[PDB]
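Residue numbers (this note's numbering): 20 to 65.
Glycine included, C-beta positions come from ideal geometry on N, C-alpha and C.
Input: a single structure, listed below in structure tokens.
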Ligand SMILES: [Zn+2]
């Protein structure tokens, strides 16, 4: 059992692609545009 932090809080909305944060999610939503692209994927649980 290792005690580390990978995805237990930090950058929930903050852009991870480039690593840019914004005061409000509003402006952030538009920022995602720069990272425009396709990503097909069906429903999968498990
Ligand atoms: Zn970005």
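Quiz item: Between which two residues does the alpha helix (DSSP H) harbouring residue 22 extend?
Solution: Unbroken run through residue 22: none, as it is neither H nor E.
Exercise. Grab the span of the alpha helix (DSSP H) containing residue 50 for me, first residue to last.
Key: 44–50
Quiz item: Is residue 39 near ligand 1, with its Cβ less than 7 Å from a heavy atom?
Solution: yes
Exercise. Return yes when at least one heavy atom of ligand 1 lies under 7 Å from the C-beta of residue 36, else no.
Key: yes
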